[PDB]
């Protein structure tokens, strides 16, 4: 096993830690929110408050980064880049969690890890910045994971039902990529097991899906009426909300399967949603 330091130990990293801790791993998780120390501890990690005191890198074998970038790029590298670079050779594995927003708009065409990066908004550009900063660190066993839209226990659509104020936004041709948090955990674990310094992996399921179909299926499962639909160009969305419907692509997930040996527990939103509703595994 080893010792993993997890910056911004949140929703995703906690599922990984709950799986690793029983296997003998030592996990250290940071948060900038003092009210999250409890949740981090419960996930099997030693809680650290950061910003604050500098987290120690002594005895750390694995690094995981869940921290979102800002206009300057990656906050972890901004505060600790010098130290991490100097200790590059002591790590066996470093994972940076990125997103699929790096690809930008492809009018629904398929993209893979070799596709050029052309983000169309600030968040996507900041992600590209962050990736590039990490990839520049000499001799770091870096792995980049471009995560699709995350869902899972506590982050599902069934809480969203029954209280009105829900609408299905219809943008013609629009699909979104999704990934179940358990499958992210699988990928991270698999990559830890088969390190490949410099590798980039798309982490998404098998079925790009119109967002309105997910909402519809959740309602169907719950025996509730199909929420009303509104045309995208009539929905009066805030700039942020609108920005999510300004890029359309389909993302290949072959690399995690063929290189890492991962087999998705939830290949699509329908099997994921059925399991979530039951609070079950299947």
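Numbering follows the first chain given and starts at 1.
### Task
Using the B-factors recorded in the PDB entry, average over the C-alpha atoms of 231-239 and of 55-63, then report which stretch comes out higher.
The stretch with the larger mean CA B-factor is 231-239.
### Task
Would you mind comparing 140-148 and 160-168 for me and telling me which has the higher average C-alpha temperature factor in the entry?
Per the deposited B-factors, the answer is 160-168.
### Residue of maximum C-alpha B factor among 95, 116, 173, 154, per deposited coordinates
Top of the list by C-alpha B-factor: 154.
### Query
Based on what the PDB entry reports, which of 204, 80, 111, 188 has the top C-alpha B-factor?
Reading the PDB entry, the winner on C-alpha B-factor is 80.
### Query
How does residue 24 rank on Cα B-factor within its chain, lowest, middle or highest third?
Highest third of the chain for residue 24's C-alpha B-factor.
#### Entry: Lowest, middle or highest third - CA B-factor, residue 196
According to the entry, residue 196 has a C-alpha B-factor in the chain's middle third.
### Task
Just say lowest, middle or highest third for the CA B-factor of residue 254 relative to the other modelled residues in its chain.
Lowest third - that is where residue 254 ends up once the chain's C-alpha B-factors are sorted.
### Message
Using the temperature factors of the C-alpha atoms in this entry, rank residue 68 within its chain: lowest, middle or highest third.
### Response
It belongs to the middle third of the chain when residues are ordered by C-alpha B-factor.
### Query
residue 272's Cα B-factor: lowest, middle or highest third of the chain?
For residue 272, the deposited C-alpha B-factor lands in the lowest third.
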